[PDB]
There are 2 protein chains.
Amino acid sequence: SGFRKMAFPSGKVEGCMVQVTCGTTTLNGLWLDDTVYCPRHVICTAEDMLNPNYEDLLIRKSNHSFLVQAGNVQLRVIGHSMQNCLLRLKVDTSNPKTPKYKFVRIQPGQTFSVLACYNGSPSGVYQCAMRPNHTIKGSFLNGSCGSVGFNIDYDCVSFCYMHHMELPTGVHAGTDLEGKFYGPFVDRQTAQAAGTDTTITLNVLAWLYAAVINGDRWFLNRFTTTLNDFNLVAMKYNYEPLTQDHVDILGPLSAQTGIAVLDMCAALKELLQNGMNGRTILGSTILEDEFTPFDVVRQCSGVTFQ
Amino acid sequence: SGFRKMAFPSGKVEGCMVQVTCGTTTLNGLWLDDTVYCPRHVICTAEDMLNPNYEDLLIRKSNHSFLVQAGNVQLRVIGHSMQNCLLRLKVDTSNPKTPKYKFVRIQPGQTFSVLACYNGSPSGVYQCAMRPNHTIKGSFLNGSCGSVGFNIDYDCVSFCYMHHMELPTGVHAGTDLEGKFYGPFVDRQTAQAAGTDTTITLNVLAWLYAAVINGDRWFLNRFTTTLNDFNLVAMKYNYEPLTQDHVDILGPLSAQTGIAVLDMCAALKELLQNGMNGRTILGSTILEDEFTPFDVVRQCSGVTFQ
Ligand SMILES: *[C@@H](CC(=O)OCC)[C@H](C[C@@H]1CCNC1=O)NC(=O)[C@H](Cc1ccccc1)NC(=O)OCc1ccccc1
Ligand SMILES: *[C@@H](CC(=O)OCC)[C@H](C[C@@H]1CCNC1=O)NC(=O)[C@H](Cc1ccccc1)NC(=O)OCc1ccccc1
């Protein structure tokens with residue numbers, strides 16, 4: 001029993017973190033095989049950041065412009081190239097600790113583990129959802145750029161995030177491991193701000209199922225809803241519209257609990273309209289939206305506490 | 001910016017997890033140097049668990065009664081001994097991945113990272129507080145026993161918890177790495193239940209400081225309180241009495257924010273009495289008590305957003 005925001009074990013990622021320095025700027029890099037990946041803004045100074053031309057800044061650098069440090073060992077850079085908003089630095093040594101890995105672009109609403117890192121040294125690990133507005137509610141300070149997000153499937157690490165910036169609301173923006181930003185953000189100084197966010201309806205439903213699996217049914221009701229009538233309520237409460245695809249995704253959880261998806265939707269509608277009346281669900285006084293259906297199946301018992 | 005429940009990177013611990021089997025019972029062990037630590041209940045069957053005599057059960061075992069598996073490698077057991085509620089199994093191989101480590105008995109209110117493990121294979125990591133009633137609100141299923149809790153200081157792992165049982169309320173109980181239970185619990189079947197819990201006042205105060213460091217002051221007020229008058233309110237709301245020692249511990253956070261501890265106590269008193277009026281603190285609608293003053297200093301900027 002229990003239900004916690006749970007990250008993946010970080011060991012396979014820790015063995016990949018290095019320090020990258022260009023001029024007076026130091027940040028984190030990701031060392032896989034003989035390549036080090038890092039944010040291209042490592043080549044910028046404070047004043048470059050307003051209007052940097054990365055092509056022009058980079059052509060002025062040699063390989064020996066870059067210092068890469070893995071633990072106490074210096075890795076010699078033997079090639080470099082820009083890929084979107086990242087740099088790919090070729091080094092003289094293949095990382096002996098390279099795990100089986102993939103690069104994946106995660107979708108909004110999906111979750112991943114973040115390994116916060118400073119000066120090539122991992123400091124902490126926590127779980128994040130990719131918000132509908134393409135930001136994450138992370139926890140990052142100066143020096144954290146190049147910290148990565150990932151999931152682990154079997155023993156394969158799926159890297160999905162590299163950290164680049166903080167927005168005015170204190171939320172975080174970054175790229176996939178091909179250097180493409182999540183959301184409309186750019187690695188320069190603009191008045192850029194997070195768009196309006198929405199609650200991840202599919203995740204809220206998954207977590208209600210988690211609560212039933214773990215033995216709690218207080219919030220259920222005798223009613224059902226149509227998808228469309230549910231969505232009229234969702235619009236009112238700034239929830240994402242529910243789709244048939246989301247309904248299908250919830251099949252396994254529905255089957256394990258014996259609660260039809262649209263019946264669970266009716267329960268959610270009532271919670272939205274009436275509140276929780278001083279009660280909790282899985283220890284929470286609010287409706288949680290940062291666990292996916294996958295996260296629920298991963299963590300909960302496969303046997304419902306009936 | 002941001003503030004998350006953050007675990008320590010788990011890599012140094014992952015390299016220590018193994019599988020221990022006795023008869024048909026398999027659970028996790030912790031392999032350090034040439035010793036494997038695991039819950040002594042590995043030697044019990046289902047029916048033993050009501051009234052087990054561990055001395056009598058253990059004397060009936062040889063070294064080859066125990067199978068230890070590290071990844072795909074079998075470790076031969078060459079000695080065994082009981083220490084309180086754990087077994088210490090001597091093996092033929094020293095763990096090459098043994099980190100610098102200590103065994104520590106953590107105190108109530110303090111936090112640690114848990115590496116949930118099944119069949120010797122780490123599955124997830126999350127942060128827990130040791131509750132005043134000596135339980136943790138973990139997330140554990142069958143097969144999770146022998147999973148460990150830990151903190152990391154520099155590169156030294158301080159192991160502080162090994163998992164043994166779940167109580168009727170769905171919370172968790174276990175031992176330190178000397179095999180002594182936290183709380184009055186025993187590794188047998190009794191009607192044992194978690195005692196009444198209390199909110200960790202020192203942690204709530206620390207987190208209010210975290211909120212000010214991160215830029216939010218909405219909940220402060222023009223008032224002060226005496227320690228004793230604060231404590232009359234704390235009793236009413238099932239909060240731990242605040243002590244002068246707790247006041248002293250909050251010195252650094254007070255200094256960084258310019259808010260005297262007893263002034264922060266007045267703010268807390270008002271929040272308890274009036275509620276939060278639909279507002280949030282660090283994203284939370286409730287008063288959070290699972291971050292210590294140490295956790296706040298670890299994660300927050302050393303510069304207050306004034
Ligand atoms: C990572 C690099 C860094 O530390 O550079 C020196 C400040 C850093 C992460 C950022 C720092 C505080 N919290 C975070 O998540 N990124 C930046 O500082 C980033 C550089 C950049 C990127 C894209 C566009 C423009 C600039 N700048 C940035 O995030 O600006 C907002 C900010 C900066 C510091 C504190 C709060 C907010
Ligand atoms: C670890 C060992 C195990 O899996 O044994 C087979 C069930 C397990 C952890 C426990 C399982 C569900 N959630 C957990 O945290 N511990 C036990 O099962 C433990 C053995 C024990 C220890 C001390 C005293 C008596 C028995 N028994 C236990 O926790 O009983 C309560 C329980 C068991 C299963 C599900 C829910 C509650």
# chains A, B, ... in the order shown; residues from 1 in each chain; ligands from 1

$ interface_residues --of "chain B" --to "chain A" --cutoff "7 Å" --atoms "only C-alpha atoms" --output "number ranges by chain"
B: 1-11, 14, 122-126, 137-141, 170-171, 301

$ write_last_selection --atoms "N, CA and C atoms" --output "mmCIF file, in the first residue's frame"
data_model
loop_
_atom_site.group_PDB
_atom_site.id
_atom_site.type_symbol
_atom_site.label_atom_id
_atom_site.label_comp_id
_atom_site.auth_asym_id
_atom_site.auth_seq_id
_atom_site.Cartn_x
_atom_site.Cartn_y
_atom_site.Cartn_z
ATOM 1 N N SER B 1 14.550 28.449 -8.965
ATOM 2 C CA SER B 1 13.233 28.423 -8.253
ATOM 3 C C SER B 1 12.581 27.035 -8.323
ATOM 4 N N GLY B 2 11.435 26.898 -7.663
ATOM 5 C CA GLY B 2 10.783 25.603 -7.524
ATOM 6 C C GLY B 2 11.099 24.974 -6.181
ATOM 7 N N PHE B 3 10.293 23.993 -5.804
ATOM 8 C CA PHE B 3 10.539 23.265 -4.579
ATOM 9 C C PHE B 3 9.816 21.944 -4.649
ATOM 10 N N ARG B 4 10.591 20.865 -4.632
ATOM 11 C CA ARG B 4 10.086 19.533 -4.845
ATOM 12 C C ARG B 4 10.550 18.597 -3.746
ATOM 13 N N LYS B 5 9.787 17.539 -3.486
ATOM 14 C CA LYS B 5 10.320 16.471 -2.626
ATOM 15 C C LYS B 5 11.404 15.761 -3.416
ATOM 16 N N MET B 6 12.640 15.940 -2.972
ATOM 17 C CA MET B 6 13.812 15.516 -3.706
ATOM 18 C C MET B 6 14.553 14.425 -2.960
ATOM 19 N N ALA B 7 14.750 13.282 -3.628
ATOM 20 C CA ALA B 7 15.542 12.191 -3.092
ATOM 21 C C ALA B 7 17.010 12.383 -3.452
ATOM 22 N N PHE B 8 17.895 11.698 -2.732
ATOM 23 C CA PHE B 8 19.300 11.616 -3.153
ATOM 24 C C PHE B 8 19.448 10.700 -4.380
ATOM 25 N N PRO B 9 20.440 10.981 -5.246
ATOM 26 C CA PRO B 9 20.740 10.070 -6.346
ATOM 27 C C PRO B 9 21.002 8.698 -5.768
ATOM 28 N N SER B 10 20.427 7.682 -6.398
ATOM 29 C CA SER B 10 20.373 6.344 -5.816
ATOM 30 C C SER B 10 21.482 5.400 -6.262
ATOM 31 N N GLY B 11 22.302 5.834 -7.216
ATOM 32 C CA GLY B 11 23.318 4.955 -7.809
ATOM 33 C C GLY B 11 24.180 4.172 -6.829
ATOM 34 N N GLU B 14 22.025 1.405 -5.419
ATOM 35 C CA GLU B 14 21.644 0.393 -6.402
ATOM 36 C C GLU B 14 22.722 -0.676 -6.529
ATOM 37 N N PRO B 122 16.297 -2.672 -8.087
ATOM 38 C CA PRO B 122 15.686 -1.408 -7.690
ATOM 39 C C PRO B 122 14.586 -0.983 -8.652
ATOM 40 N N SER B 123 13.469 -0.501 -8.111
ATOM 41 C CA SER B 123 12.344 -0.131 -8.966
ATOM 42 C C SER B 123 12.028 1.351 -8.929
ATOM 43 N N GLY B 124 12.346 2.012 -7.825
ATOM 44 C CA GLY B 124 11.990 3.421 -7.690
ATOM 45 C C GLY B 124 12.589 4.089 -6.481
ATOM 46 N N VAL B 125 12.564 5.415 -6.481
ATOM 47 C CA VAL B 125 13.146 6.161 -5.386
ATOM 48 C C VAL B 125 12.234 7.318 -5.004
ATOM 49 N N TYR B 126 12.052 7.496 -3.702
ATOM 50 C CA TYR B 126 11.265 8.613 -3.205
ATOM 51 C C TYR B 126 11.718 9.010 -1.814
ATOM 52 N N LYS B 137 5.380 6.956 5.607
ATOM 53 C CA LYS B 137 4.328 6.842 4.606
ATOM 54 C C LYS B 137 5.041 6.474 3.314
ATOM 55 N N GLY B 138 5.318 5.186 3.164
ATOM 56 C CA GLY B 138 6.037 4.718 1.984
ATOM 57 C C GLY B 138 5.083 4.214 0.934
ATOM 58 N N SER B 139 5.656 3.533 -0.047
ATOM 59 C CA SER B 139 4.876 2.872 -1.082
ATOM 60 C C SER B 139 5.583 1.559 -1.343
ATOM 61 N N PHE B 140 4.975 0.485 -0.862
ATOM 62 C CA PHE B 140 5.616 -0.832 -0.874
ATOM 63 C C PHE B 140 4.604 -1.930 -1.159
ATOM 64 N N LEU B 141 5.026 -2.918 -1.937
ATOM 65 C CA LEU B 141 4.195 -4.090 -2.234
ATOM 66 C C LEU B 141 4.872 -5.345 -1.710
ATOM 67 N N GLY B 170 -1.867 1.186 6.438
ATOM 68 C CA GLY B 170 -1.154 1.280 5.161
ATOM 69 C C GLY B 170 0.169 2.024 5.226
ATOM 70 N N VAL B 171 0.641 2.317 6.437
ATOM 71 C CA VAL B 171 1.957 2.923 6.630
ATOM 72 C C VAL B 171 2.977 1.839 6.970
ATOM 73 N N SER B 301 17.877 28.326 -2.921
ATOM 74 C CA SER B 301 18.940 29.286 -3.131
ATOM 75 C C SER B 301 19.433 29.815 -1.790
#

$ select_by_dssp --residues "range 148-231 of chain B" --states "strand (DSSP E or B)" --output "list in words"
residues 148, 149, 150, 151, 152, 153, 156, 157, 158, 159, 160, 161, 162, 163, 164, 165, 166, 172, 173, 174, 175, 181 and 199 of chain B

$ select_by_dssp --residues "range 154-250 of chain A" --states "helix (DSSP H, G or I)" --output "list in words"
residues 201, 202, 203, 204, 205, 206, 207, 208, 209, 210, 211, 212, 213, 227, 228, 229, 230, 231, 232, 233, 234, 235, 236, 244, 245, 246, 247, 248 and 249 of chain A

$ write_last_selection --atoms "C-alpha atoms" --output "JSON list (two decimals), in the first residue's frame"
[["chain", "number", "residue", "atom", "x", "y", "z"],
["A", 201, "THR", "CA", -7.65, 15.02, -17.00],
["A", 202, "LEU", "CA", -6.33, 11.58, -17.99],
["A", 203, "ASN", "CA", -3.88, 11.66, -15.09],
["A", 204, "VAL", "CA", -6.52, 12.73, -12.58],
["A", 205, "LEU", "CA", -8.65, 9.75, -13.71],
["A", 206, "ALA", "CA", -5.68, 7.37, -13.45],
["A", 207, "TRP", "CA", -5.05, 8.53, -9.87],
["A", 208, "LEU", "CA", -8.70, 8.04, -8.93],
["A", 209, "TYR", "CA", -8.26, 4.46, -10.13],
["A", 210, "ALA", "CA", -5.08, 4.20, -8.04],
["A", 211, "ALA", "CA", -7.15, 5.27, -5.04],
["A", 212, "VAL", "CA", -9.74, 2.49, -5.68],
["A", 213, "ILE", "CA", -6.97, -0.10, -6.20],
["A", 227, "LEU", "CA", -18.09, 12.03, -22.96],
["A", 228, "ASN", "CA", -19.62, 15.30, -24.25],
["A", 229, "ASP", "CA", -21.43, 16.18, -21.02],
["A", 230, "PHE", "CA", -18.26, 15.48, -19.09],
["A", 231, "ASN", "CA", -16.38, 17.85, -21.40],
["A", 232, "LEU", "CA", -18.78, 20.75, -20.78],
["A", 233, "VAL", "CA", -17.83, 20.46, -17.10],
["A", 234, "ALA", "CA", -14.11, 20.05, -17.94],
["A", 235, "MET", "CA", -14.12, 23.33, -19.87],
["A", 236, "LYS", "CA", -15.63, 25.09, -16.86],
["A", 244, "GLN", "CA", -12.08, 8.38, -26.69],
["A", 245, "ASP", "CA", -8.36, 7.63, -26.89],
["A", 246, "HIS", "CA", -8.02, 8.58, -23.21],
["A", 247, "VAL", "CA", -11.02, 6.35, -22.43],
["A", 248, "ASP", "CA", -9.30, 3.42, -24.24],
["A", 249, "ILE", "CA", -6.01, 4.02, -22.41]]

$ atom_distance --atom1 "atom 37 (C, counted along the ligand's line) of ligand 2" --atom2 "CA of residue 119 in chain B"
18.4 Å

$ closest_residue --among "A:74, A:26, A:107, A:144" --to "ligand 1" --atoms "only C-alpha atoms and all ligand atoms"
A:144

$ residues_around --residues "residue 258 in chain B" --least-positions-apart "2" --cutoff "12 Å" --atoms "only C-alpha atoms" --output "PDB file with N, CA and C atoms, in the first residue's frame"
ATOM      1  N   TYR B 209       9.853  29.104   5.704  1.00  0.00           N
ATOM      2  CA  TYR B 209      11.071  29.814   5.313  1.00  0.00           C
ATOM      3  C   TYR B 209      11.458  29.584   3.854  1.00  0.00           C
ATOM      4  N   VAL B 212       9.424  31.869   1.721  1.00  0.00           N
ATOM      5  CA  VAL B 212       9.962  33.238   1.721  1.00  0.00           C
ATOM      6  C   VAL B 212      11.233  33.332   0.868  1.00  0.00           C
ATOM      7  N   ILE B 213      12.133  32.361   1.010  1.00  0.00           N
ATOM      8  CA  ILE B 213      13.368  32.363   0.205  1.00  0.00           C
ATOM      9  C   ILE B 213      13.035  32.405  -1.281  1.00  0.00           C
ATOM     10  N   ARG B 217       5.602  36.002   0.553  1.00  0.00           N
ATOM     11  CA  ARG B 217       5.469  36.525   1.909  1.00  0.00           C
ATOM     12  C   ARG B 217       4.015  36.681   2.358  1.00  0.00           C
ATOM     13  N   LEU B 250      16.539  26.774  13.583  1.00  0.00           N
ATOM     14  CA  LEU B 250      16.015  27.663  12.537  1.00  0.00           C
ATOM     15  C   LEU B 250      16.819  28.967  12.352  1.00  0.00           C
ATOM     16  N   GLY B 251      17.878  29.146  13.144  1.00  0.00           N
ATOM     17  CA  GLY B 251      18.723  30.337  13.054  1.00  0.00           C
ATOM     18  C   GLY B 251      19.162  30.727  11.645  1.00  0.00           C
ATOM     19  N   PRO B 252      19.862  29.824  10.937  1.00  0.00           N
ATOM     20  CA  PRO B 252      20.314  30.149   9.585  1.00  0.00           C
ATOM     21  C   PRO B 252      19.203  30.588   8.619  1.00  0.00           C
ATOM     22  N   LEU B 253      18.073  29.885   8.617  1.00  0.00           N
ATOM     23  CA  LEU B 253      16.927  30.273   7.781  1.00  0.00           C
ATOM     24  C   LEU B 253      16.346  31.622   8.180  1.00  0.00           C
ATOM     25  N   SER B 254      16.234  31.847   9.487  1.00  0.00           N
ATOM     26  CA  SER B 254      15.807  33.150   9.995  1.00  0.00           C
ATOM     27  C   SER B 254      16.745  34.251   9.506  1.00  0.00           C
ATOM     28  N   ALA B 255      18.053  33.996   9.572  1.00  0.00           N
ATOM     29  CA  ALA B 255      19.046  34.996   9.197  1.00  0.00           C
ATOM     30  C   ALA B 255      18.950  35.329   7.705  1.00  0.00           C
ATOM     31  N   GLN B 256      18.784  34.293   6.875  1.00  0.00           N
ATOM     32  CA  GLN B 256      18.701  34.485   5.426  1.00  0.00           C
ATOM     33  C   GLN B 256      17.467  35.283   4.997  1.00  0.00           C
ATOM     34  N   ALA B 260      12.336  36.711  12.245  1.00  0.00           N
ATOM     35  CA  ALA B 260      12.610  36.061  13.528  1.00  0.00           C
ATOM     36  C   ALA B 260      11.751  34.811  13.645  1.00  0.00           C
ATOM     37  N   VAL B 261      12.289  33.779  14.285  1.00  0.00           N
ATOM     38  CA  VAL B 261      11.579  32.498  14.423  1.00  0.00           C
ATOM     39  C   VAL B 261      10.197  32.672  15.060  1.00  0.00           C
ATOM     40  N   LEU B 262      10.137  33.432  16.157  1.00  0.00           N
ATOM     41  CA  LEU B 262       8.861  33.628  16.841  1.00  0.00           C
ATOM     42  C   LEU B 262       7.873  34.451  16.021  1.00  0.00           C
ATOM     43  N   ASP B 263       8.380  35.335  15.159  1.00  0.00           N
ATOM     44  CA  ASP B 263       7.534  35.985  14.161  1.00  0.00           C
ATOM     45  C   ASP B 263       7.000  34.989  13.121  1.00  0.00           C
ATOM     46  N   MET B 264       7.837  34.060  12.676  1.00  0.00           N
ATOM     47  CA  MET B 264       7.343  33.009  11.794  1.00  0.00           C
ATOM     48  C   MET B 264       6.327  32.113  12.518  1.00  0.00           C
ATOM     49  N   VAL B 303      20.369  32.757  -1.614  1.00  0.00           N
ATOM     50  CA  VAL B 303      19.995  34.169  -1.762  1.00  0.00           C
ATOM     51  C   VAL B 303      18.468  34.293  -1.855  1.00  0.00           C
ATOM     52  N   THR B 304      17.881  35.012  -0.902  1.00  0.00           N
ATOM     53  CA  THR B 304      16.440  35.196  -0.833  1.00  0.00           C
ATOM     54  C   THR B 304      15.987  36.093  -1.970  1.00  0.00           C
ATOM     55  N   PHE B 305      14.861  35.733  -2.582  1.00  0.00           N
ATOM     56  CA  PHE B 305      14.255  36.568  -3.613  1.00  0.00           C
ATOM     57  C   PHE B 305      13.452  37.636  -2.890  1.00  0.00           C
ATOM     58  N   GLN B 306      14.100  38.781  -2.702  1.00  0.00           N
ATOM     59  CA  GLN B 306      13.601  39.844  -1.817  1.00  0.00           C
ATOM     60  C   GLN B 306      12.490  40.680  -2.439  1.00  0.00           C
TER      61      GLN B 306
END

$ atom_distance --atom1 "CA of residue 23 in chain B" --atom2 "CA of residue 43 in chain B"
7.7 Å

$ atom_distance --atom1 "CA of residue 120 in chain B" --atom2 "CA of residue 38 in chain B"
11.2 Å

$ residues_around --residues "residue 273 in chain B" --least-positions-apart "2" --cutoff "12 Å" --atoms "only C-alpha atoms" --output "ChimeraX atom specification"
/B:230,233-234,236-237,266-271,275-277

$ residues_around --residues "range 192-197 of chain A" --least-positions-apart "3" --cutoff "9 Å" --atoms "only C-alpha atoms" --output "ChimeraX atom specification"
/A:131-135,167-169,171-173,183-186,189,238

$ residues_around --residues "range 55-68 of chain B" --least-positions-apart "2" --cutoff "7 Å" --atoms "only C-alpha atoms" --output "PyMOL selection string"
chain B and resi 18-22+43+53+70+74-80

$ residues_around --residues "residue 174 in chain B" --least-positions-apart "3" --cutoff "6 Å" --atoms "only C-alpha atoms" --output "NGL selection string"
:B and (162-164 or 181)
